[PDB]
């Protein structure tokens, strides 16, 4: 592979040079003959597999703190090595764990918000043993992160995988989500995305209110055991009713959303250790709710209903009645959130911030992996600075990975 690579910005002619792609660890899916850049998704580790993985991470950590080749560095290596040799695994120091989680965020190519990567609160929950213990740690995460609307990014990290039969998993894809109920007539109430999971919850014992914005319970699995339901204290779930600064009728749509974006189905990998339960949270970009949650045809799909109340021509597609209703929904989402002092970033600010971030990364780190397909907002793309930015995408470790859905793999006791 070639040493230096170039990326161009076609709006500013700025040309950056990427040396970091050389440290790529795993596969992208692409080959010389085919590219999978638009493809969404392209039993444990043995000793000899783990040794080099771990050393790589350690060396990396000691090169960050400017102690590479030091006495503490070589001594750490020998300790880690002795530990894999005898126990088939090892354990990360609190320092290593915190560096590793910040660095998996920093390396997350699909994430437009990584300018904040270094400010992340890491909650070590490796001492956990039960679902109640999990429910407790998560509740504290929610309360810390939410901070009364002044959100703060945090991760809570549960015990790492051992033999595969003793995983900790959060069964909810995200900590806070709205239920979805299939009707007998085929129509759906709530968030259609979450139907399968809502059914699981109901079978597992949940009594559903059967409403449009019913907050799902946590379903928590510890040490390989069957999952258990716990409801989140509603006082811990900050929520924003959606109104519009011009249209008085917009609140009549009875729309709200949750203030905390919190991913709980991804696997954090550090030094070859697998953290199968590692919920993290930040704050929302306006478009996530205004465009995807609200407007996607298979989600809340309110475009037609907002169009009606706007009195738009809806026969001709070229009237652009859809794009007009879309902008106005996203105007209301940013308005509601700012007026309740809940932290939220518009897609112009975020993309501008990210270009800044990327440039500093190229400067200081010799590169910054990025997934243009994910990075570019799902509305008004070309009018944001990232659209015109060339981005090399590759996978650096530590990283956040996808993992199978637990209800597909779990062995019921």
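C-alpha atoms forming the largest set that superposes within 1.5 Å between two forms make up the rigid core. Residue numbers count along the first chain shown, from 1.
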Checklist line | Higher C-alpha RMS shift from the shown form in 8 other deposited structures of this protein - 88-96 or 294-302, rigid core fit | finding: 294-302
Checklist line | Stretch with greater C-alpha deviation in 8 other deposited structures of this protein, 316-324 versus 98-106 (rigid core superposition) | finding: 316-324
Check: Thinking of the other compared PDB entries, is residue 371 one of those residues unmodelled in at least a third of them?
Finding: no
Check: For residue 43, does the count of other compared entries lacking it reach at least a third?
Finding: yes
Notebook entry, point to check: Is there a break between residue 37 and residue 38, and how many deposited residues does it span: none, 1 to 3, 4 to 9, or 10 or more?
Noted result: none
Note to self: Please compare 254-262 with 303-311 and name the stretch with the higher mean C-alpha B-factor in the deposited structure.
What the structure shows: 303-311
Note to self: Highest mean C-alpha temperature factor of the two stretches 392-400 and 6-14, which is it?
What the structure shows: 6-14
Next item on the list: Tell me which of 189, 131, 270, 122 tops the list for C-alpha B factor in the record.
Entry: 189
Check: Which is it among 103, 316, 110, 141: the one with the largest CA B-factor in the entry?
Finding: 316
Item checked: Chain-wide C-alpha B factor ranking for residue 327, given as lowest, middle or highest third -> highest
Next item on the list: Going by the recorded CA B-factors, say which third of the chain residue 152 sits in, lowest, middle or highest.
Entry: lowest
Notebook entry, point to check: Is the Cα B-factor recorded for residue 281 in the lowest, middle or highest third of its chain?
Noted result: lowest
Note to self: Can you tell me whether residue 161 has a C-alpha B-factor in the lowest, middle or highest third compared with the other modelled residues of the same chain?
What the structure shows: lowest
Margin query: Where does the C-alpha B-factor of residue 274 rank in its chain, lowest, middle or highest third?
Written below: lowest
